[PDB]
Number of protein chains: 2
Amino acid sequence: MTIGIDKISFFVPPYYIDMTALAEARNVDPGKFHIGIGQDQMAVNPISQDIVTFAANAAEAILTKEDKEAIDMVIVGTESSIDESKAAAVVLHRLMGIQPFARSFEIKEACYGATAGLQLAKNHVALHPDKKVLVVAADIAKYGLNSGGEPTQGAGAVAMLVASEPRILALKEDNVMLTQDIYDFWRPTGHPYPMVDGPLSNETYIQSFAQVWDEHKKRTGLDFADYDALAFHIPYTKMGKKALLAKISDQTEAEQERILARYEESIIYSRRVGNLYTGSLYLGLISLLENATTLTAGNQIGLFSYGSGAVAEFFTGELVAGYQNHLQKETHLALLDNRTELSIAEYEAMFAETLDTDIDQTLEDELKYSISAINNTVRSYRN
Amino acid sequence: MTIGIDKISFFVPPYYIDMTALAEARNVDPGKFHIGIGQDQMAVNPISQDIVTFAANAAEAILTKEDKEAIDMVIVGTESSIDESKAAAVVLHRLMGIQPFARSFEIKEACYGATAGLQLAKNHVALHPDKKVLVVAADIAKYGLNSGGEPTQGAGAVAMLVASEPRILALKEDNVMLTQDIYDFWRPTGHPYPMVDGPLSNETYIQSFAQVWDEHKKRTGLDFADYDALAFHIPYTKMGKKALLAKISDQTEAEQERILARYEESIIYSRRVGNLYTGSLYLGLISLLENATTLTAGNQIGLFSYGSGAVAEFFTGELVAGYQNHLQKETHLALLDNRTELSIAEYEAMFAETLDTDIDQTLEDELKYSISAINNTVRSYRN
Ligand SMILES: CC(C)(COP(=O)(O)OP(=O)(O)OC[C@H]1O[C@@H](n2cnc3c(N)ncnc32)[C@H](O)[C@@H]1OP(=O)(O)O)[C@@H](O)C(=O)NCCC(=O)NCCS
């Protein structure tokens, strides 16, 4: 009895700004974003769209009436929460029309939250193979206009349906996790933007991959030659490549070329979206599934999840025969291609706008599940 | 192949106020507090003590060198977080000296967070019987001076070590969960105090218990007569009693008296502490274990967990032979009896003090694991 990802999809807001345009606005070479950090288009969202908006849209793309009856646990991994007490998963459970007898909660641990949700969901289904779990990564990565991390911004969500006999990825039991108390990135209660140490963050991310990889190789004997592809969590596409390069220098030239090629395929979507925090790794998985042409049933996919703070985990998934018939490539490509390009001026205006929850008001937004009103701080969503 | 709570303990700050004194200061009949709400002493903490302080002290009371090597997952259930990104479990992992290869994260779902952690931990150990999980409920329940919820305030944490072949409580697979999108209590980002609807909170709590209890009875056929004791989430002691009274009116009188008698034993500690949010249910469990003389190995304990928002769950646990030899009654009684009583003036001063994490500073507190300094918003702890 296999357990894993049966269906998976991502959602990003209907807006974006071109990185060449941003570079010019920031008076820098129109290419240090395309080649330096490796980003081409950045996802941007108005104040009328939050993690629930994204989580709801992504989940709607994969849930059938039968799934809604079989799901008895809803989990949202995020570091962009809108309430200190009420889990965003409760609202998602309502909007998705999931059956009432289910537990719902939010998991927090930076960009690692959704991974924790996925593993816990896996265990749940392993013990109750007739049930399913909805795990959704949702985040809004905003650093600030004219900020150091501004170029790495992103927003969206990745929804996953975990079930027994999954049709896409069967998860293995070779998990290797690590916890280290390091302040590379964090966001004190009350801070709308995160505190970030770039140098320490790059270093901790690269070293954490090296550490869980080495420990994983000790325990399993599995090396790069044993992996058909690797999905990485990434703040920006070049970080991941950096972490990979630092560990594959002793592999054969052909193997290095193969690994780096698989990596490039895993970041196709990311270059058009930006950092999704909890959802970055999973956007990478989706990219591999829909864009990596050499992958086939039985192939082994290695996944490296990272979370500042910091927590990391490496685990493996096996592609299920017929997975290609259960993807959302058409939907995803249309979602990206149909976005409206914003000028830098429109972008800064949309980015700087603040939603004051303390003010009763109504909001206009055509997007389904967007915030429609605020009353006594409570958000209403247009479904 | 049994799975559950191996060790459990709680920690509360070293200060409290007499509810009679609070009543007099608020010009309220003392009986409203002692009898109406069912609270006698309220736990109060200075700004130098946070959820980490409480979680660390609670966990330290039950962790051996062996436990620290076998634990590969650390979970903190809370709704009093100090960071929007970095899980409090990460710092706890460091302070407790737990082996490095573990995953750590925070679960958020109001007063239900710790329960979610316990259930997921249970599945983890079920699949990996050689491993253990540290699950800690930690919260600071502050409503505000002269607020409606002020009398129900509390603070502290409850640490539980989850493992196979547990020495205290063996958990059963009879869980009945429920999720409903209800705004009875919540705390928007940026709000130091929670938004609360007294009436809706009471009614949702009572109706949620009725729903999961009825569904549980439907699925298992088990009724009140089949339970030797019941532990309820305790926002205030009369809460569980109200929910119980609304559901046992049809039972025989002997049965009703037995149920209410066992309930009284479950709230002995809570009457001296107040609301611990995520830890209330589990403080009730500890109270039952350490205070009920007639309970024995083999007895079935029913547990009702509730979290505003709202999520609820009913599940059963069985007392393990020899559990009476693995409790912490002496430690707990000393912890409660040795607290310093604050005058209402001292209480209001301590309660109103704020920590500006944005200010570098040193703090002086004799308590182990209390905050010792703040540098660039980062907290250091005394140890
Ligand atoms: C718990 C809470 C609702 C009580 O608010 P409140 O306005 O003080 O309670 P009320 O004024 O309605 O009356 C208090 C109770 O004591 C009784 N009472 C009042 N004065 C009394 C006195 N002098 N002697 C004895 N009983 C007295 C009342 O009859 C009432 O009993 P009942 O509700 O069981 O019938 C409030 O503190 C709160 O907002 N709590 C936060 C939310 C919460 O904890 N919800 C629980 C669900 S998880």
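Residues numbered from 1 in each chain as written, not as in the entry; some residues may be left out. Chains lettered and ligands numbered in written order. Heavy atoms only, no water.

Brief notes about the overall build of chain A
Assigned secondary structure in chain A consists of 12 helices and 18 strands. Expected size for 383 residues packed as a compact globule is a radius of gyration near 21 Å; at 20 Å, chain A falls within 12% of this value. Seen through its principal axes, chain A has C-alpha atoms that stretch 60 × 55 × 40 Å. Expressed as a percentage of the 383 residues in chain A, the buried residues total 64%. Within chain A, residue pairs in contact and separated by at least 24 positions form 74% of the contacts whose partners lie at least 6 positions apart. Working note: accessible area of chain A is about 12,700 Å², and carbon and sulfur atoms make up 50% of it. (Helix = DSSP H or I, 4+ residues; strand = E, 2+ residues; numbered from the N terminus. Rg over C-alpha atoms; globule rule 2.2 N^0.38 Å. Buried < 20%, exposed > 50% of the residue type's maximum accessible area, 1.4 Å probe, protein only. Contact = heavy atoms within 4.5 Å. Areas by Shrake-Rupley, 256 points an atom, 1.4 Å probe, with all protein chains shown as cover.)

Section: helix α7 (residues 198-220) of chain B
Residues and elements named next belong to chain B. Over its 23 residues, α7 extends 33 Å from the first C-alpha to the last, a length consistent with the 33 Å expected when each residue adds 1.5 Å. Residues of α7 that are buried include every one of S201, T204, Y205, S208, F209, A210, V212, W213, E215 and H216, and no others. The N-capping residue of α7, defined by a side-chain oxygen 2.8 Å from the backbone nitrogen of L200, is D197. After α7 finishes, the residue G221 shows a positive phi value of roughly 80°. (Expected span 1.5 Å × (residues − 1). Polar contact = N/O pair within 3.5 Å; in protein donor to acceptor, adjacent residues only side chain to side chain.)

Details of the domain arrangement of chain A
Residue and element names in this part refer to chain A. Segmentation of chain A into domains returns domain 1 (1-172 + 321-383) and domain 2 (173-320). Taking only C-alpha atoms, the centre of domain 1 and the centre of domain 2 are 19 Å apart. At the junction of the two partners, domain 1 supplies 65 residues and domain 2 supplies 50 residues. Between domain 1 and domain 2, a total of about 4,800 Å² is buried, with carbon and sulfur atoms accounting for 56% of that surface. Area buried by domain 1 at its contact with domain 2 is led by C111, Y143 and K172, which between them contribute 15% of it. Between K122 and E173 there is a salt bridge, and its shortest N-O distance comes to 2.6 Å. (Domains from an automatic or database assignment. Buried area = accessible area lost by both parts, 1.4 Å probe. Salt bridge = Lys/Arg side-chain N within 4 Å of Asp/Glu carboxyl O.)

Things to note about the sheet that holds strand β2 (residues 15-18) of chain A
All names here are of chain A. If you trace the three strands from one edge of the open sheet to the other, you get β3-β2-β15, paired in mixed fashion. Either end of the sheet is taken by a strand with one partner, and the two such strands are β3 (41-44) and β15 (340-341). In the sheet, β2 pairs with β3 via four bridges, with the strands oriented antiparallel. Each bridged residue has a counterpart across the sheet, and for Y16 the counterpart in β3 is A43. (Pairing = 2+ DSSP bridges.)

What about the sheet that holds strand β18 (residues 378-381) of chain A?
Hydrogen bonds between backbone atoms are what pair the strands of a sheet, whose relative direction is either parallel or antiparallel. All names here are of chain A. If you walk across this open sheet you meet the three strands as β16-β17-β18, and the pairing is antiparallel. Where the open sheet ends on each side, the last strands, each with one partner, are β16 (361-362) and β18. Pairing of β16 with strand β17 (residues 371-375), which is carried by two bridges, proceeds in the antiparallel orientation. Following the sheet pairing, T362 is matched in β17 by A373.

Focus on the side chain of B:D40
Residue and element names in this part refer to chain B. Residue placement: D40 occurs in the loop between α2 (30-37) and β3 (41-44). In this structure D40 comes out as buried when scored by relative accessible area, which is 16%. Of the polar contacts made by the side chain of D40, one reaches the side chain of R271; its length is 2.5 Å. The residues touching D40, leaving out its near neighbours within four places in the chain, are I17, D18, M19, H34 and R271.

Comments concerning the packing of aromatic side chains
Remark: the centre distance and the inter-plane angle together describe each pair of aromatic rings, the angle taken between the planes. Across all of its chains, the model carries 38 aromatic pairs over all chains by this definition. Arranged with centres 5.1 Å apart and planes meeting at 70°, the rings of A:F209 and A:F304 form a pair that is edge-to-face. One end of the pair, A:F209, is in helix α7 (residues 198-220); the other, A:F304, is in strand β13 (residues 300-307), and 95 residues separate them in sequence. Each member of the pair, A:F209 as well as A:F304, carries the same accessibility label: buried. Where B:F10 meets B:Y269, the ring centres are 5.4 Å apart and the plane angle is 55°; that geometry is what we call tilted. Remark: B:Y269 occurs in the loop between α9 (253-266) and α10 (280-291) and B:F10 occurs in strand β1 (residues 3-11); sequence separation between them is 259 residues. Classification of B:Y269 by relative accessible area gives buried; the value is 2%. Put simply, the rings of A:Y205, A:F209, A:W213, A:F224, A:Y227, A:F232, A:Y263, A:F304, A:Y306 and A:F314 pair up and form one aromatic cluster. (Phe/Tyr/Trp six-rings, centres within 6.5 Å; stacked < 30°, edge-to-face > 60°.)

Examining the site of the ligand
Residue and element names in this part refer to chain B. Taken together, 18 residues sit near the ligand, with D29, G31, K32, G36 and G148 positioned nearest. Within the backbone of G31, a nitrogen or oxygen atom sits 3.2 Å from a nitrogen atom of the ligand. Between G148 and the ligand, the recorded distance is 2.8 Å, taken from a backbone N or O atom to an oxygen atom. Alone, the ligand offers 990 Å² of accessible surface; in the complex the protein occludes 62% of this. When the residues that make up the shell around the ligand are grouped by side-chain class, the tally is seven nonpolar, eight polar and three charged. Looking at which domains feed residues into the shell around the ligand, each of domain 1 (1-172 + 321-383) and domain 2 (173-320) gives three or more. (Near = heavy atom within 4 Å. Nonpolar A, V, L, I, M, F, W, Y, C, P; charged D, E, K, R; others polar.)

Focus on the side chain of B:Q41
All names here are of chain B. With respect to the secondary-structure elements, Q41 resides in strand β3. A polar contact of 3.0 Å, which involves the side chain of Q41, links it to the side chain of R339. In this structure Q41 touches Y16, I17, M19, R271, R272, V273, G274 and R339, once residues within four positions along its chain are discounted.

Examining unusual backbone geometry
The step from A:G309 to A:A310 runs through a cis peptide bond, and the omega angle for that step is 0°. Among the structural elements, A:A310 can be located in the loop between β13 and β14 (311-319). Of note, B:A110 is a non-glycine position whose phi angle comes to about 45°, a positive value.

Observations regarding the relation of the copies chain A and chain B
Its rotation angle being 180°, the transformation that places chain A on chain B also includes 0.1 Å of axial translation and leaves an RMSD of 0.3 Å. In symmetry terms, the pair is related by a two-fold rotation axis. Taking C-alpha positions as the reference, the residue of chain A nearest the rotation axis is A:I107, at 2.3 Å. Most of the interface of chain A is mirrored in chain B, where 100% of its interface residues are also at the interface. (Least-squares fit on C-alpha atoms.)

Observations regarding the pairing of β17(A)
Here β17(A) lies mainly inside the structure; four of its five residues are buried. Turn length for the β17(A)-β18(A) hairpin, with the two strands adjacent in sequence and antiparallel, is two residues, and the turn residue A:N376 shows positive phi of about 55°.

Details of the interface of chain A and chain B
On the chain B side, the residues contacting the 65 residues of chain A number 65 residues. Surface buried jointly by chain A and chain B totals about 5,700 Å² across both partners, of which 53% is contributed by carbon and sulfur atoms. Put simply, chain A and chain B have eight salt bridges between them. Taking the shortest distance from any N to any O, the salt bridge between A:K108 and B:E106 comes out at 2.8 Å. Counting across the interface, chain A meets chain B through 49 residue pairs in polar contact. Examining the composition of the side of chain A that touches chain B, we find that seven residues originate from one element, helix α6 (residues 113-127) of chain A, more than from any other. Examined bridge by bridge, strand β5 (residues 103-108) of chain A and strand β5 (residues 103-108) of chain B share three bridges and lie antiparallel to one another.

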